[PDB]
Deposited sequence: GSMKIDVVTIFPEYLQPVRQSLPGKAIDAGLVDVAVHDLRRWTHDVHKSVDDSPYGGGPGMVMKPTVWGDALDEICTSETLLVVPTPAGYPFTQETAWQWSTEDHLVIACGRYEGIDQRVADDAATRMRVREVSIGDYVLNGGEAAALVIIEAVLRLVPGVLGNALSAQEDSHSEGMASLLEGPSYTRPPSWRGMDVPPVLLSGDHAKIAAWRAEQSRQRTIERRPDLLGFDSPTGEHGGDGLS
């Protein structure tokens, strides 16, 4: 059983019994009627003010909440992270936009609850929303009650456009197939992700 609350200024993006997922429009906690301002010390782009975030998260979080903050400067979100989070009761995902969220939101929250700044990969997005969907998919499929690269998979027909299924897969020989697949996985891994086997990227 898990509850996930996503907090965003772009709730429209997210519209698509063991688990519930709620999307909250951060603008509902605004004081006047602008969440962003210019960065201290200068620099391009705008920064989300901590004030609106503080009120929102106050209402939504408890001290047992795991606060997840997507950021391109975060710790790596990996399958190990996903296993770790799959047994949590309550995740709140704070989605930023502009050039991100004032650092004091995460620093303050970390005095009241567990906080995790994470990145889903080494590319730049426009905000936390797409990252939130990745994190949610990766975690929810591991919730109770739901190393190497995988080799190639095949199905019918056995011959297609003159291209044949590797004959070993039609042999019915379990041990030869397990061997052949173990081989394919290791060959794909060394070619595409040599770092996984301890070699230079």
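According to the record, no C-alpha positions are given for deposited positions 1, 18-29, 47-48, 162-178, 234-244, numbered from 1.
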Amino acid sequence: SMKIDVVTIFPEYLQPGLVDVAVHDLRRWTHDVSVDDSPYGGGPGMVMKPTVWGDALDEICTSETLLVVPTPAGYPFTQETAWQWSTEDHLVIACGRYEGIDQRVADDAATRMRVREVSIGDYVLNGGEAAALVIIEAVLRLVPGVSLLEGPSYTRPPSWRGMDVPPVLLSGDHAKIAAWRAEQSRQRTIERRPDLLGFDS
From here on, numbers count along this sequence of modelled residues.
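Throughout, rigid core stands for the largest set of C-alpha atoms superposing within 1.5 Å between the two forms.
Farther from the shown form on average, by C-alpha root mean square after a core fit in 9 other deposited structures of this protein, is 7-15, of the stretches 7-15 and 21-29.
Taken in 9 other deposited structures of this protein and fitted on the core, 137-145 and 35-43 differ in how far their Cα atoms move from the shown form, and the one that moves more is 137-145. For the pair 130-138 and 38-46, the mean Cα B-factor is higher in 38-46. Looking at mean Cα B-factors across 189-197 and 176-184, the upper value is held by 176-184. Of the candidates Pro152, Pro70, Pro157, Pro144, the PDB record gives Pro144 the highest C-alpha temperature factor. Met2: CA B factor in the highest third of modelled residues in this chain (values from the PDB entry).
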